[PDB]
Amino acid sequence: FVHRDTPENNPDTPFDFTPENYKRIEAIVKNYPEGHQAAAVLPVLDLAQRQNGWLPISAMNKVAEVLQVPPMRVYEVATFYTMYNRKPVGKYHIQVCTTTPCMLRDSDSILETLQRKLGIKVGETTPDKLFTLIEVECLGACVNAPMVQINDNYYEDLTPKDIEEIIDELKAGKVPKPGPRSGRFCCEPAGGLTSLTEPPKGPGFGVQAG
Amino acid sequence: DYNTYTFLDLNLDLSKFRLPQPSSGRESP
Amino acid sequence: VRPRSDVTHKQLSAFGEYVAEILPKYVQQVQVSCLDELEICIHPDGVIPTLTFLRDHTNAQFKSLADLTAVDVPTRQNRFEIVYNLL
Amino acid sequence: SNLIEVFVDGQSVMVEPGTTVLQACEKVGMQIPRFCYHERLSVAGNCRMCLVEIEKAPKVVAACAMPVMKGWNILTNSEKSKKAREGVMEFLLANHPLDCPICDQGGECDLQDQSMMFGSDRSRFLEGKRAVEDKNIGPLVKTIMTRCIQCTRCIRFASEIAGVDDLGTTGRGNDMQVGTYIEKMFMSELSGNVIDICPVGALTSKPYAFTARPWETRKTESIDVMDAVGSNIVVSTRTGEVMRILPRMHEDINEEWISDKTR
Amino acid sequence: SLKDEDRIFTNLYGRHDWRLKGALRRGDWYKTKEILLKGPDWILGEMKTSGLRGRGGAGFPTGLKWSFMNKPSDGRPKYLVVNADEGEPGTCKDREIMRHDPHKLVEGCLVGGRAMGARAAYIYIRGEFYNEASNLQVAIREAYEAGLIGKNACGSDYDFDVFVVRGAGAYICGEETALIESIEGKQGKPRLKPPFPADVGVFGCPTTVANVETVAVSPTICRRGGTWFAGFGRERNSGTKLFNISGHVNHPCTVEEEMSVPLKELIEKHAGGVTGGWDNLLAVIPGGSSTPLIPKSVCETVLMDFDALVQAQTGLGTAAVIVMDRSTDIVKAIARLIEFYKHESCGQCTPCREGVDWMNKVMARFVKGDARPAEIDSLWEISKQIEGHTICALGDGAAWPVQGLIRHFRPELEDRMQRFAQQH
Amino acid sequence: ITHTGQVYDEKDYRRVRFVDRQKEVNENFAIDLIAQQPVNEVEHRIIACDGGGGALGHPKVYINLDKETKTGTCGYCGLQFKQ
Amino acid sequence: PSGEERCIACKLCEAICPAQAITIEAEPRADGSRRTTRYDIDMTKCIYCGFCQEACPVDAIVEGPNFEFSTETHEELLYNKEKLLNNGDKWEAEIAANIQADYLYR
Amino acid sequence: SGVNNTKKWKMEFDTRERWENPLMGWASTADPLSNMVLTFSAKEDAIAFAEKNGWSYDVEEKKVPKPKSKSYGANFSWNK
Amino acid sequence: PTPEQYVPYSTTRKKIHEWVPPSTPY
Ligand SMILES: Cc1cc2nc3c(=O)[nH]c(=O)nc-3n(C[C@H](O)[C@H](O)[C@H](O)COP(=O)(O)O)c2cc1C
Ligand code: SF4
Ligand code: SF4
Ligand code: SF4
Ligand code: SF4
Ligand code: SF4
Ligand code: FES
Ligand code: FES
Ligand SMILES: [Zn+2]
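Residues numbered from 1 in each chain as written, not as in the entry; some residues may be left out. Chains lettered and ligands numbered in written order. Part of a larger assembly, values for the part shown. Heavy atoms only, no water.

The deposited coordinates, according to the entry record, derive from cryo-EM at 3.2 Å resolution.

As structure tokens, this is what we get:
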């Protein structure tokens, strides 16, 4: 949680919101209450992350500058949240959920598959710089337990084979099917569903009088 | 089915439908 | 925890009243400490009278003087606190 | 009017509205044990070493924080508010590095005493301890911050009494370290007060590193001559040479703080 | 039990347009103006009579909660905060509402504000869900276009401006006082409760926080009346709730079934059945990781409603059912939940910071079996020190799974103790 | 001369004492002895330092050899540890 | 064993000395470590209670076995750090054996 | 931060010479009443001790911390 | 197991250091 000057990451590293980015930045500012800009540090810090994954010390300094807050204030926000990365990350940053729901259903095996294909251990980045694996905690979407969020893709209900296959598409080509890869309709019961069979009731159906 | 800047850009658009926000009345907390 | 015997705490308390009634005149305070010890406090004039009653009373014979000492509380107007311990 | 009547164990100390549980204990005469609360620093509730038990209430309350209400009885020496301190002190000590014969806040520790008085006789932390990395906060304050009980007094003083707003918390979990994210020295007047205000000896004075130990220091109360505010100060002398000058409280002139120059 | 005719959320599992056109077809935004016209009072009577309990981690009577910030404005704008952070492990409950039936949320927020005079509401969807929010954002844009939201909503004079705030991967952000601070832009560390959120909240203005399910059901309840909702349940735990079943079961799914239904029935009628036969149930986690797990003999006897669970010593919570077959090392299952909490608690308070790390170290040794048998009740005592002393509830939450493992599975942990001692 | 180089001086009025009697000073000064001690390489981020021998050592402390930039030095033994 | 003197100048041996015998003043050695510039046991003041042996956390000050140190002059009895360190080096082998035998008891 | 040593009044005699000792460098004092600090419960009683013993006295009024108003809610005020 | 008198002295340093008069005459 400490930063040390290094040529690759220093205030020297250049960072400035693209003319387009700066536009975005203000959009954030007015969404928040007037006279309140500090509240936008996170959303902004997020766009610095959108700009560049590394988000070096220089980038946080700019965020504080644009948002006119104590610089530390930005440093504290970046350190507290895992969403922000203070180190460069690979192109994909595959994040495997390895907590109880996912542990159940063998998320670890998926992790193993991922590690094997990437030929890298969890918490390590391929030299290709396209893949970075991390064992993240509950990412929501548990009904579909096997799971691996990739830059929000949030693939779900995946069996080990599917995982490698997904990596294949990413390794060389377009992205795999955003979302789960199973027969279940969303989070409907695996084989079909036993609820909500009736057609949607009409507007005003059984509306309490007045 | 969304690019990284889908949300923020959408939010920029949402501005056409928002009242001027209120303020505490100070330069900075 | 020390092995307190309430049997004592009571008997000594009862004697403390006994003495307080027998010599209303000089006894100012009487208390049996939680350490099972009685410490009648007397006006300085009652030195002779209170001791003599304890040395020569059938229901309270206190024949030997274990010690005579004087703590000094400088704050206290009466600096010294002569303490006589009797058996 | 404006005199809430609350019973501190039955003393019915009538206090003004907004009096915190701790403040009532002070008035009645008691002093609730406390790590994160300083009178002239904002209430933070970080340590929760002050948990007390208002009568007829399910949970114990944070003294420094709960505004006392009407009819409450702040049972302080209950069988509960002692398990609420015997069990917190278990935690502060668990991750603590026992280098008390290095910590020059040896006899000046509000954490050993509170342990010796509101803590337990023995430890059960058979697991391992943590360690943080000593950094440089400047040439006056030696931050051996593996000592820090994350009480956030510094981050307050450094923002509220002095306007430095540099020191801050970094991270979450048991490796929240309260040190400057980038190594920028804490350069400001009023800087040395952090020493006096950190009850732990994590960051202490570097010149007065290891020259003495507080029981020995004979303490003579005198006046600051370096500046014209005439701040009250206590000169701590051992065997005839001054070893340290630390503030002594004067409501009107220096209320518990002294300049970097005059110490 | 529950009929499709009698269902609050009627667009689950998609299959239908999540957009306004489809939502309108389904019957959303019905006489919304009339509802607002009924007046804030009328809405809270509805919620009160409804007996709608908070669908969040802890259920507080919705009516009372909303009522508090119904006191007259003191010149600070009142606000609405809707927590769309699906932090609780095992809970995909809320994600469904936004992803599939978002417009219901939008109207709910509007109805929500009318109930409490919030100029605006901010929805904190967890940043993890980037895809989810965009959809919600889109729907909101449409509603503004429709006039549904914005100035003179639905023509009704009320002005409401809804927002969406990015979460940043923190379970604690979910906490009521901490959601605010993240909204405020400071570090997400729960503030204390004594100045309650109503009195002081986001941006120091009157504020109220609701589980997204709680905000979503308020319009349907308002339109369909309090009694309807009241009838489906018993006493306080009265209402329709989305229950999720994840783990060791034939078909994991978010049913939406009515409340107070037998645990067995819920996992029986829906969820297929316990994978490997009901008897292959080492334990059930009813409300998610925070609530204590209940072992099999207690479970079918008990049913899923908050009153029944508190009798059982467990919490309905997010009603996330996590099931563990006899094929799982519970000592390690609960151990990762303590690992789930050491990687996540803010560290603001002393009891949670060191205590949760202390239990994590002991729990890891317990899984190995290195620790001696006497240490097991030691963790009992460490557990309650954390339970009543923490600034927020997460320390409350960390202690309960530990307490459950010792309470019902004490013999198994002793054997793991024994197993290591034997091989030396 | 000595550890902290005590040097009653050519002009002091105390150097008179050693006349016809030697001074007590130390060879193998400690100041240089630990400097002569090799840096204990370790694998773990943090390491202990019983001082060697447990009860017969120093109160055990855990040192953070986390930065190769600095070899942690237990405040008690002056032993540098090389990550 | 490395050669670094055990004392780290916590100075509680001075605190618990019943006779006021031990005088300790310290300053950070250039190494940055904490060491005693002056450690003076006045043996004539000392009543050989052995509490200093007890009190030391690093157990730097020990009651050594030798009892035969009678001296012609009073000054010789006053002992500075160099005499005690020299006394320590001479008797370290037996002191180590003695502490080895009795530490379980303590 | 403990206040149990700021309760009882103490009267302390004026400090005197503390010259270094030539043989060992120990501090040496010629003033007998130096280390003596008597503790008195109330200001009136301490003044009495000085008068009957004939020592000159210069009493300093107790200064106790002024009541300070604190409330966790107050700092959460963005306004101020 | 199969002239040398210890002269006592203070090992501390000068402490208070006085101001050397300027050797430059004025
Ligand atoms: C550590 C922690 C995490 C929480 N996470 C969530 C969450 O993700 N979603 C949520 O609705 N409530 C969460 N809560 C509970 C909220 O603080 C609050 O009590 C609840 O959202 C109120 O909603 P309701 O009034 O609709 O029940 C959490 C509480 C704690 C202590
Ligand atoms: S702070 Fe220094 S003194 Fe107080 S306990 Fe921790 S180490 Fe011992
Ligand atoms: S440094 Fe001292 S003051 Fe600052 S937090 Fe750590 S302990 Fe509290
Ligand atoms: S319990 Fe204390 S530490 Fe854990 S989250 Fe709530 S506040 Fe932060
Ligand atoms: S001898 Fe032992 S006790 Fe006396 S100072 Fe040196 S270390 Fe501390
Ligand atoms: S033995 Fe150690 S402690 Fe006892 S008197 Fe001599 S020096 Fe002081
Ligand atoms: S635990 Fe992995 S998503 Fe629920
Ligand atoms: S003093 Fe009460 S919480 Fe720290
Ligand atoms: Zn060591």
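Visitor: I would appreciate a short explanation of the arrangement of the chains in the present structure.
Guide: Here 19 pairs of chains make contact, and the pair sharing the most contacts is chains A and E. Regarding chain B and chain G, which are not in contact, the minimum distance between any of their C-alpha atoms is 43 Å. Taking C-alpha atoms as the reference, chain E and chain I come no closer than 38 Å and do not contact one another. (Contact = heavy atoms within 4.5 Å.)

Visitor: I tried to follow the interface of chain D and chain A on my own but got confused; where do I start?
Guide: Residue-level contacts link 15 residues of chain D with 13 residues of chain A. Considering only the side of chain D, the residues that lose the most area to chain A are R172, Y181 and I182 of chain D, jointly responsible for 47% of the buried surface there. Linking chain D with chain A are four residue pairs in polar contact, by the criterion used here. Split into classes, the residues belonging to the side of chain D that touches chain A amount to two nonpolar, six polar and seven charged. (Buried area = accessible area lost by both parts, 1.4 Å probe. Polar contact = N/O pair within 3.5 Å; in protein donor to acceptor, adjacent residues only side chain to side chain. Nonpolar A, V, L, I, M, F, W, Y, C, P; charged D, E, K, R; others polar.)

Visitor: So what exactly am I meant to see when it comes to the domain arrangement of chain D here?
Guide: The figure often quoted for interface size is the accessible area lost as the parts come together. All names here are of chain D. Each assigned domain of chain D is listed here: domain 1 (1–212) and domain 2 (213–263). If you average the C-alpha positions of domain 1 and of domain 2, the two centres end up 23 Å apart. Counting residues at the interface gives 25 residues for domain 1, matched by 18 residues for domain 2. Taken together, the two surfaces of domain 1 and domain 2 that pack against each other cover about 1600 Å², and 46% of this comes from carbon and sulfur. A per-residue breakdown of the area domain 1 buries against domain 2 is headed by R40, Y208 and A212, which together make up 35% of the total. The shortest N-O distance in the salt bridge between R40 and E256 comes to 2.8 Å. At the surface where domain 1 touches domain 2, the tally comes to 13 residue pairs in polar contact. For the side of domain 1 that touches domain 2, the residue count by class is eleven nonpolar, nine polar and five charged. (Domains from an automatic or database assignment. Salt bridge = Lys/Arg side-chain N within 4 Å of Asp/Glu carboxyl O.)

Visitor: Help me out: how do you make sense of the site of ligand 4 in this one?
Guide: In the neighbourhood of ligand 4, the contacting residues comprise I172, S345, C346, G347, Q348, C349, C352, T390, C392, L394 and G395 of chain E. Looking at side-chain class alone, the shell around ligand 4 contains six nonpolar, five polar and no charged residues. (Near = heavy atom within 4 Å.)

Visitor: Even after reading the chapter, I still don't get the site of ligand 1, so can you show me in this structure?
Guide: Residues and elements named next belong to chain E. Around ligand 1, 19 residues are found, and the nearest of them are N83, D85, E176, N211 and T214. A distance of 2.6 Å separates an oxygen atom of ligand 1 from a polar backbone atom of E176. Here an oxygen atom of ligand 1 sits 2.6 Å away from a polar atom, N or O, in the side chain of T214. When the free accessible area of ligand 1 is taken as 620 Å², the share hidden by the protein chains comes to 90%. Per element, the largest residue contribution to the shell around ligand 1 is three residues, and it comes from strand 4 (residues 207–211). Classifying every residue of the shell around ligand 1 gives seven nonpolar, seven polar and five charged. (Areas by Shrake-Rupley, 256 points an atom, 1.4 Å probe, with all protein chains shown as cover. Helix = DSSP H or I, 4+ residues; strand = E, 2+ residues; numbered from the N terminus.)

Visitor: Looking at this model, I keep getting lost on the coordination of the zinc ion (ligand 9). Mind explaining?
Guide: Metal coordination angles have textbook ideals: 109.5 degrees for a tetrahedral set of four donors and 90 or 180 degrees for an octahedral set of six. Residue and element names in this part refer to chain F. Taken together, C49 (SG), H58 (NE2), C74 (SG) and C77 (SG) make up the full set of protein donors to the zinc ion (ligand 9), lying 1.8 to 2.5 Å away. One way to put it: the four donor atoms around the zinc ion (ligand 9) meet at angles of 80 to 152°, and that makes the site irregular. Mapping the donors of the zinc ion (ligand 9) onto the primary sequence gives the spacing C-x8-H-x15-C-x2-C. Taken together, the residues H58 in the loop between strand 1 (46–47) and strand 2 (63–64) and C77 in the loop between strand 3 (72–73) and strand 4 (80–81) connect sequence positions 19 residues apart. With a relative accessible area of 6%, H58 lands in the buried category. (Donors = N, O, S within 2.8 Å, 3.2 Å for Na, K, Ca; no water. Tetrahedral: all angles 85-135°; square planar, octahedral: opposite > 155°, others 65-115°. Buried < 20%, exposed > 50% of the residue type's maximum accessible area, 1.4 Å probe, protein only.)

Visitor: What is the right way to look at the sheet that holds strand 4 (residues 61–62) of chain D in this model?
Guide: Remark on secondary structure: sheet strands pair via backbone hydrogen bonds, oriented parallel or antiparallel. Residues and elements named next belong to chain D. Spatial ordering of the open sheet is given by 4-3-5, a layout of three strands whose pairing is antiparallel. Of all strands in the sheet, those bounded by a partner on one side alone are strand 4 and strand 5 (74–75). Pairing of strand 3 (residues 51–54) with strand 5 involves two bridges; the strand directions are antiparallel. What sits directly across from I54, in strand 5, is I74. (Pairing = 2+ DSSP bridges.)

Visitor: How should the packing of aromatic side chains be read in this particular structure?
Guide: Note on aromatic pairs: each is described by the distance of the centres and the angle between the planes. In total, this model carries 36 aromatic pairs over all chains according to the counting rule given. Ring centres of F91 of chain D and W358 of chain E lie 6.1 Å apart, and the angle between their planes is 90°; on these two criteria the pair is classed as edge-to-face. Here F91 of chain D is found in helix 3 (residues 89–94), whereas its partner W358 of chain E is found in helix 14 (residues 350–368) on a different chain. Overall, the relative accessible area of 0% leaves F91 of chain D in the buried class. Judged by centre distance (6.1 Å) and plane angle (50°), the rings of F69 of chain G and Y79 of chain G are tilted. Here the residue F69 of chain G occupies a position in the loop between helix 2 (51–55) and helix 3 (74–77), and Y79 of chain G occupies one in strand 3 (residues 78–79), the gap between them amounting to ten residues. Residue class for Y79 of chain G comes out buried when judged on its relative accessible area of 5%. Taken together, the aromatic side chains of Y32 of chain A, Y79, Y122, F163 and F203 of chain E together with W78 of chain H make up a single cluster linked through ring pairs. The residue whose ring lies beneath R95 of chain E is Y154 of chain A, and the NZ or CZ to ring-centre distance is 5.4 Å. Between the NZ or CZ atom of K83 of chain G and the centre of the ring of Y79 of chain G, over which it lies, the distance is 5.6 Å. (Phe/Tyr/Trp six-rings, centres within 6.5 Å; stacked < 30°, edge-to-face > 60°. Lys NZ or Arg CZ within 6 Å of the ring centre and 35° of its normal.)

Visitor: What's the story with empty space enclosed by the protein in this structure? I'm lost.
Guide: Gaps between atoms show up when a probe of the same size as a water molecule is rolled over them. Looking at the largest cavity, its volume works out to about 340 Å³. Lining the largest cavity are 24 residues, with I8, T10, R26, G27 and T220 of chain E sitting closest to its centre. Taken together, the elements giving at least two residues each to the lining of the largest cavity come down to helix 1 (20–26), helix 5 (102–116) and helix 8 (212–224) of chain E. Residue contributions to the lining of the largest cavity peak at three residues, all from helix 8 of chain E. When its residues are assigned to classes, the lining of the largest cavity shows seven nonpolar, six polar and eleven charged. A domain split of the lining of the largest cavity shows at least three residues from each of domain 1 (1–51) and domain 2 (52–231) of chain E. As a volume, the second largest cavity reaches approximately 180 Å³. Residue lining of the second largest cavity: 15 residues in total, with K135, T143, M145, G179 and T180 of chain D positioned closest to the centre. (1 Å grid on protein atoms, 1.4 Å probe; cavity = no way out; pocket = protein on both sides within 12 Å on 5 of 7 lines; lining within 4 Å. Points joined across faces, edges and corners; volume = space filled by probe spheres on them.)

Visitor: Just to check I follow, could you spell out the environment of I172 of chain E for this structure?
Guide: Along the chain, the position of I172 of chain E falls in the loop between strand 3 (161–166) and helix 7 (176–184). Taking C-alpha positions, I172 of chain E is 13 Å from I183 of chain E, a pair spaced eleven residues apart along the chain. Leave out the neighbours within four places in its chain, and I172 of chain E touches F80 of chain A together with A178, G188, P190, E344 and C392 of chain E.

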